[PDB]
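Remarks on the overall topology
Each chain, written out:
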Amino acid sequence: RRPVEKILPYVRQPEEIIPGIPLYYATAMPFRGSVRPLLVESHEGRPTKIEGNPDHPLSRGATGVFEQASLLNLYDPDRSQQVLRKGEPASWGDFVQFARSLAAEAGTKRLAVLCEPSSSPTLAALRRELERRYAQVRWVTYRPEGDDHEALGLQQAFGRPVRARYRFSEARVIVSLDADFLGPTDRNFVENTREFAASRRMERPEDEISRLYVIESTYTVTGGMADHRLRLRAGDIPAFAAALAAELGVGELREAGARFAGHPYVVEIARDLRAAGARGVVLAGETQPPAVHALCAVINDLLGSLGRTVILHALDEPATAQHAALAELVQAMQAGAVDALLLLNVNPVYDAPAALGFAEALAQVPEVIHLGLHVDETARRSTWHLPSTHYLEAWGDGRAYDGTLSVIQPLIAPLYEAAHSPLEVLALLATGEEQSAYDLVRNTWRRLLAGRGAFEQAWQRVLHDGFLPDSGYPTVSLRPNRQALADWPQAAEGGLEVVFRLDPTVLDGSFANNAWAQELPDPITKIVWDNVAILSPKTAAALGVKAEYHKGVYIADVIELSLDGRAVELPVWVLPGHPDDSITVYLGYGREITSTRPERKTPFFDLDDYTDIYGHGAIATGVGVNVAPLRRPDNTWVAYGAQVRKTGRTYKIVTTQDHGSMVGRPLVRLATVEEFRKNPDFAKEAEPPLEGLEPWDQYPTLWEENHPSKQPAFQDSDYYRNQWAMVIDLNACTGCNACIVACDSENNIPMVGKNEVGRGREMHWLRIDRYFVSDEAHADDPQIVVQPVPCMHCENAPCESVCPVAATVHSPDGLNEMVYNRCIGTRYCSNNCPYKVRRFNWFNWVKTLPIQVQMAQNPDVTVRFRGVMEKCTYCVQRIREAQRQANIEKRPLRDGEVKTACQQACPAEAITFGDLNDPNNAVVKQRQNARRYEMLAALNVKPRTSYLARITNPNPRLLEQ
Amino acid sequence: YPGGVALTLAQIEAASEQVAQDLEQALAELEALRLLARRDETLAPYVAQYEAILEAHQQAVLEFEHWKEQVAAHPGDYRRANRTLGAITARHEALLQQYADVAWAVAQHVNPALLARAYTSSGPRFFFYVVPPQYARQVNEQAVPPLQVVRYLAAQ
Amino acid sequence: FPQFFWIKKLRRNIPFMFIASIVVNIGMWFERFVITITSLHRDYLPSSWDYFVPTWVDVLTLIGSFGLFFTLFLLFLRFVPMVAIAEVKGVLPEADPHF
Ligand code: SF4
Ligand code: SF4
Ligand code: SF4
Ligand code: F3S
């Protein structure tokens, strides 16, 4: 009855790789004008999961959210199958003959690009090899969400271009000033994360800890795992920092910050920073005018910290002024001067505000050429649209943020015929046939290798090691003597703030058709599948909107914000954190997508619409509204003049949490360094052991003589040697939310749709629930807490007892492993568990899964069918291949032979996972620590992942209160 | 189920005697470790790090009698000897392996190198195209000591 | 309704029985929709806080349970005899040997 599913092995065996076993290639990952490092699994030359590069010290083996979804961007459906000309999918072979003849005998030809920001020498050198021939190449780096604004503020401050590195382990006290240094949206998310986390990591009854002082304008994830946070509208943070420095001593600076002479949180920190010279830091976010970053240079130089804000000289790239080029481009479009328009990886029709027109110019000019990954709003309007490779087939070169000089390993052949990666296309413009990127790229290195060993010992070494070691720019000294002090009066007011901000899960919409990311809860609010506007209850109760729910689904009102006659509406959600007259409308989520695959109707007797998330179209359609075109490109994160109109179409908005604010419950139990100094036994004090009875873990049951651990059949295997457990240094855990996504890819899952998750089911195993704790609602100070919660694979384990169909068991080593076969779906596996983590494959999402994503589910784990539970399993899959590899050859399992996904992805080294009963490993040090926070231990459950609490560190008085 | 329980009862005895001979060796090493690294290391958790196994090893001896006597009491159930033997060897090789992991750190501080005679040290699974583990298990077995690990450090 | 039931010597009146016996039972379908579910959300986490929205297919199964019940209860009932006629005429009437 069953099919006869064949096996089609190699013909021309590649010698290194082997069929059953993956092997780790060492790629990069570009975005946002820089290139994170990375490390793939590459099951038989097919990528399945990404990981970190442990050798590269910038990352030391970690991967934020924004990479693991890109792995699925690679395997999307509806990418760029055919080459589209005019909107017609016609043909490629004519284009090469076409574009080649255009290129060789062109002459001046007046072309333009509007690239993704380079951050690579092959791109920047081929630019010169290009510009050598054609006269004027305007070469605008259209930064996502305009100029980065950390750098333009510093080209005058130091007199030349520069980028910072921001160690944070040599530095304790950090005034953020809107800086999402711990934000997946921002760059260098690891080195900002880790050496900040180490400052937060104690391992002692008391240690010197960061004690940041964040003053955000919009509640953001960095402001959560934080101390003494403040809400204060952007466009006025300059006025905040104005009266700030006058209380430090740099200059008068009084007039801009008129009203903050004697504010508590200002005068508080000022004495501290001058009291912490080689340890204090002053950051600056992205929602400002650049004079703030002058002040980030002035005070941070004046403060004495230079080795703590490690500073690095770029390759003479100061020229990223969005006004200066992008308008100046279309000022040539309207004159018929510029003819060709070579976009690389961008959607400026989606982006690029109408205040400085793009589409009005785009339709004027023929010879348009959009290299592109999706087909959104630019392919549809162009005359030529190349398909694009992802970076996995580029042979690209790329710089890590501000440091080393990495290079991609391309893993897979171009999955689609005629993808034609941008780099060789940019060289195809250089009056020759399509340059083999393998040979093209190599030709740059010999001019710039900077290694006395030749290629086939160096190229092989760098392509191996993932990073060219010695690079990393030279470090500049103090250039500023109070130059940049003359753009203050842009502190304008008189209107609702309409500030933009990129969610951790999407970046200028460029990764929207990405389910692992799209169905990813934001850390602030567990929101999915819709852009939003978050704001205070005091404005809501002064505006007239709510987040009412009479079904646990958060029905939502709308705004219909209106800027310069370019209005759109969107759901309004509310948060008790944000300040007056300000809303953080997140981008992406409004990106129209055009499908090649059918909608896949099946009979009404059969469910497809609820399951076929890829059915009704591709993903990025109608998930929200597009918001980028509204802003003004001057200081192009903020905005004024939103004539709000509370209108109808009040539709749903869906979350996983659905609620918040535990009623004084024992689930985070924050504590101060003062209190921690007093009672290290406080993780237990909330629900201590009993009158005269044992400590809580290892507490006897009724049974102790017939307990299975005392019986052989649980004790007799090749496993009991190494009991497994997984603590969480919760003090550095803030909503990066990459603790999830690596679980989703390592131990495969499907996604879920808005129409489905509205009823509250999500097949994310690792909830990353957030919570609010105020002083009994004193001033509505949220003071959030984030904490992941996998299935703490219990010992007493109610769930194990209760599957009648023995689909659960305390497997050896604390593992409580689920079998996705034996279960039947009576779901009472889940109802017992206090932690509703036994998720359930409600519908058969995988059956409707297309012929594209199926590359991605890794070829080592049991994908699951309708009517089946599932849970964490501690990423058992990589216990097995390791313990098996130790069953072949006699050995133990090292401290780091195995790394879980929640471990290996969380850049803050929170999770450690090393086997219990192996005292040299990190877990036994992190469990033997004072705060072995045992979450809901009181139910006599005796679980592993005996994780840690947070220790928020307030300030001595110093006029704090 | 070949011929009953009484066949396996010889080898289960042959395991418990290895444990009994290791009561001497472990407790002997526990003297020697206090002698070798008197003050050459932290030693405050790290010596007790070696003792914490010892109370478990001795506890299993009284059990290995109880495990075994529950078998030899009635030899009519084959599905207890294979299990009691699979438990002993695991509860045995573990404690051998746990002694080692605490004992290799001894060399790791006295010697600046945890030696190349430490473990099989084979490598990951993709390092089988170069080095099958078959080679490694003939390195590990024929080089690494189970509990001649610190007496080896008497040569240092 | 039960503490409003005992009024006129247990309310022998037949038509009140139907309008009450329903309403007594409707609380039972709530009793098990309450006891099971009302403490199965809001149990030991706020993270697992979610209302229960019953679908339009939940209700046609409930209704269908009345359907198959009456369908098959009526079926054999019309075939078998309703009343326990064997013991009826054997217990209370003059089956007693004292006559
Ligand atoms: S533990 Fe999870 S939520 Fe916390 S920082 Fe790491 S990945 Fe993010
Ligand atoms: S917490 Fe839940 S999933 Fe984890 S072991 Fe206990 S019952 Fe099973
Ligand atoms: S072990 Fe794997 S499945 Fe479990 S929470 Fe961690 S990453 Fe997810
Ligand atoms: S109770 Fe058991 S049978 Fe399966 S659906 Fe749950 S593990």
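Residues numbered from 1 in each chain as written, not as in the entry; some residues may be left out. Chains lettered and ligands numbered in written order. Part of a larger assembly, values for the part shown. Heavy atoms only, no water.

Some points on the packing of helix 2 (residues 44-72) of chain B against helix 3 (residues 81-110) of chain B
All names here are of chain B.
- Contact pair helix 2 / helix 3: the axes reach a minimum separation of 10 Å and the direction vectors enclose 170 degrees. Accordingly, the angle class assigned to the pair helix 2 and helix 3 is roughly antiparallel. Seen from above, helix 2 lies across helix 3 with left-handed handedness. On the side of helix 2, the interface is formed by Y46, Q49, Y50, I53, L54, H57, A60, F64, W67 and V71, while helix 3 contributes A81, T84, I88, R91, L95, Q98, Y99, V102, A105 and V106. (Axes fitted to C-alpha atoms, helices over the stretch in contact; angles between N-to-C directions. Helix = DSSP H or I, 4+ residues; strand = E, 2+ residues; numbered from the N terminus. Parallel < 35°, antiparallel > 145°, perpendicular 65-115°, else oblique. Left-handed = near helix turned anticlockwise from the far one by under 90°. Contact = heavy atoms within 4.5 Å.)

Section: the interface of chain A and chain C
- Contacts between chain A and chain C engage 23 residues on the former and 13 residues on the latter.
- A buried area of about 1600 Å², summed over both sides, lies between chain A and chain C, and 60% of it is on carbon and sulfur atoms.
- In this assembly, chain A and chain C are joined by 1 salt bridge.
- Residue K836 of chain A pairs with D43 of chain C through a salt bridge whose shortest N-O separation is 2.4 Å.
- Run the count over chain A and chain C and you get 4 residue pairs in polar contact.
- Of the residues in the side of chain A that touches chain C, the class split is 8 nonpolar, 8 polar and 7 charged. (Buried area = accessible area lost by both parts, 1.4 Å probe. Salt bridge = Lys/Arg side-chain N within 4 Å of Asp/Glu carboxyl O. Polar contact = N/O pair within 3.5 Å; in protein donor to acceptor, adjacent residues only side chain to side chain. Nonpolar A, V, L, I, M, F, W, Y, C, P; charged D, E, K, R; others polar.)

Side note on the interface of chain B and chain A
- In this complex, chain B contributes 29 residues to the contact, which on the side of chain A involves 28 residues.
- Between chain B and chain A, roughly 2800 Å² of surface is buried when both sides are summed, and carbon and sulfur atoms account for 54% of that area.
- Sorting the residues of chain B by area buried against chain A places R125, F126 and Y129 of chain B first, and these three jointly supply 24% of that buried surface.
- Counting across the chain B and chain A interface gives 2 salt bridges.
- Notably, a salt bridge pairs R125 of chain B with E881 of chain A, separated by 2.5 Å at the nearest N-O pair.
- Where chain B touches chain A, the interface holds 11 residue pairs in polar contact.
- Secondary structure elements with two or more residues in the side of chain B that touches chain A: helix 2, helix 3 and helix 4 (133-140) of chain B.
- At 12 residues, the largest contribution of residues to the side of chain B that touches chain A is made by helix 3 of chain B.
- Residues belonging to the side of chain B that touches chain A are distributed by class as follows: 12 nonpolar, 10 polar and 7 charged.

A closer look at unusual backbone geometry
- The phi angle at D402 of chain A is positive, at roughly 75 degrees, despite the residue not being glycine.
- Mapped onto the elements, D402 of chain A comes out in the loop between strand 13 (397-399) and strand 14 (405-407).

Focus: the side chain of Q68 of chain A
- As for its placement among the helices and strands, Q68 of chain A is situated in helix 1 (residues 65-68).
- Residue contacts for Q68 of chain A: discarding those within four places in its chain leaves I50, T63, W516, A738, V741, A742 and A905 of chain A.

Points about the sheet that holds strand 14 of chain A
Residue and element names in this part refer to chain A.
- Across the sheet, 3 strands lie side by side as 13-14-15; this open sheet has antiparallel pairing. Either end of the sheet is taken by a strand with one partner, and the two such strands are strand 13 and strand 15 (467-468).
- Across 3 bridges, strand 13 lies against strand 14 in antiparallel orientation. Counterpart to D397 in the pairing with strand 14 is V407. (Pairing = 2+ DSSP bridges.)

Things to note about the nonpolar core
Residues and elements named next belong to chain A.
- If you look at the biggest cluster of nonpolar residues, it comprises 171 residues, and the most contacted ones within it are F168, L283, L561, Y614, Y835 and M935.
- If one sorts the elements of this core by residue count, helix 7 (residues 237-246) sits on top with 7 residues.
- Setting aside its immediate chain neighbours within four residues, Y614 contacts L72, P77, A515, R597, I619, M751, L849, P850 and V853.
- Ranked by size, the runner-up nonpolar core spans 40 residues in total, among them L130, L371, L386 and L426. (Core = buried A, V, L, I, M, F, W, Y, C linked by side-chain atoms within 4.5 Å. Buried < 20%, exposed > 50% of the residue type's maximum accessible area, 1.4 Å probe, protein only.)

Things to note about the UniProt feature "coiled-coil region" (unreviewed entry) in chain B
- In this numbering, the UniProt entry assigns the feature "coiled-coil region" (unreviewed entry) to residues 9-40 of chain B.
- Helix makes up 88% of residues 9-40 of chain B and strand 0%, with an end-to-end C-alpha separation of 45 Å. (UniProt positions renumbered as here; feature names shortened; annotations may be inferred.)

Remarks on empty space enclosed by the protein
Residues and elements named next belong to chain A.
- What the largest cavity holds in volume is close to 880 Å³.
- Secondary structure elements with two or more residues in the lining of the largest cavity: strand 1 (28-31), strand 2 (34-37), helix 2 (70-74), helix 4 (121-131), strand 11 (368-372) and helix 12 (422-428).
- Top contributing element to the lining of the largest cavity by residue count: strand 11, with 3 residues.
- When its residues are assigned to classes, the lining of the largest cavity shows 20 nonpolar, 20 polar and 6 charged.
- Here the second largest cavity is characterised by a volume of approximately 350 Å³.
- If you go around the second largest cavity, you meet 24 residues; those closest to its centre are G33, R143, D148, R163 and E317.
- Here the residues of the lining of the second largest cavity sort into 12 nonpolar, 6 polar and 6 charged. (1 Å grid on protein atoms, 1.4 Å probe; cavity = no way out; pocket = protein on both sides within 12 Å on 5 of 7 lines; lining within 4 Å. Points joined across faces, edges and corners; volume = space filled by probe spheres on them.)

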